[PDB]
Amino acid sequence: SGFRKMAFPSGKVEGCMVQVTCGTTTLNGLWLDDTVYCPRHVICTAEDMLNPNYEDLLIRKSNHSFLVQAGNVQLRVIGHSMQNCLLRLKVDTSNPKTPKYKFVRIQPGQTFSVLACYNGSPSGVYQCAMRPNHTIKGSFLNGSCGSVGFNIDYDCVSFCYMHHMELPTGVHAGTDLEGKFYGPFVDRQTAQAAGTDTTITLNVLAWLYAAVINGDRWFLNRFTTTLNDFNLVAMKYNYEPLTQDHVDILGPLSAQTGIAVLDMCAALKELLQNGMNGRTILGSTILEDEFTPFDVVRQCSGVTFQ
C-alpha cells in the first residue's frame, strides 16, 4: 500500500556523471562510451551571456580548452563538436560503466527522474513531470547545469533531459540529449519567461484510479458526462481538454477498477465544482497531476482493494 512520487534507482546514471570545465566555468557532463555531452554554454564568458554567438565562441577553442574529470581522473579531450545546444566532447577513454541506453524526447505531461549533480558529483534524486508549459519544478542550485533526467525500462536508461537554466519564477528549462530545447527557450540571458501552465487532466484521472485501486471510493458519484460537457468544465478550471485518445489510454485502469472513464470524468467534474470538503485522496488535500497512467500501473498493485 501507499503512493509516493518514486524516482528510478539512480546508480546506472551516477556512473556516467563527470565534470566539464572551460575557462572559469564548470558544470556537469554525461559520459557514455567515448563521448561527453554537456550544455554548450560552458564556453560562455561571464561578461557576455546576454548575446553569445556560439559558433564564434567555439571556433576559438581547441580540444585542450576543455578539462573533463571523472572522479579524480582526467579524461583527455580528443575532439569536439556542437549539436544544437549541446557540446559533444570525444575523449580518449570509453566509460566502462556505460549502461544500455537510448536518447528519447519526452512529451509534455510525461514524467522522469532527475539526478541533481554538482561539480560532477551526484547529490540527490527526485521525480518530475514535464509541465505543459515545457518547464519542470526542479530543485537546482548554481552549478547544477548538465544534470540529466531519465527513465529506466528493463535495465535500459532512456535519457530525456539535460538541465540548462533557471527561469525568473524559479522553474527550470533544458534540452533533450540531441540538444533541442523543450519549449521556446534559448541558452542566453533574455527576458524569457515560462508561459501560462495548465493542469494535466489525464494524470489527474490516472491518480483517481490509483485511489480506487488502493481502496478509496468516496469521491465517486452516480453521474456520467459526455466528453464535450466535461471539456466545458475543464476550460473553466484551467485543465487540459480530454480527448478520445486519452480516454483510450485509461482503458486498462478503467478495466481494473470497473469504473468507466466518462464516469470517472463525472467524479472529477464534481470535485472541481464542489471541492474536496476537507477530505483527502491518497493523503493529498489537492488533486495531483504529476503521475501518468504508466506511473500508476508501475506503482500500484495489479489487484484492486475491493
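The first residue of the shown sequence is 1; numbering continues from there.
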- line: Looking only at C-alpha temperature factors in the entry, 188-196 or 208-216, the higher average sits in 188-196
statement: Per the PDB entry, mean CA B-factor is higher for 120-128 or 94-102, namely for 94-102
task: Go through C156, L177, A173, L202 one by one and give the residue whose Cα B-factor in the PDB entry is largest.
output: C156
- request: By the entry's C-alpha temperature factors, tell me which of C265, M49, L27, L242 sits highest.
  value: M49
field: Cα B factor band for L86 (lowest, middle or highest third within the chain)
entry: middle
field: Entry-reported Cα temperature factor of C145, expressed as the chain third it lands in
entry: highest
message: Going by the CA temperature factor in the PDB record, which third of the chain does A70 belong to: lowest, middle or highest?
response: highest
Third of the chain's Cα B-factor distribution that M165 belongs to, per the entry: middle
Assigned third (lowest, middle, highest) for the C-alpha B factor of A234: middle
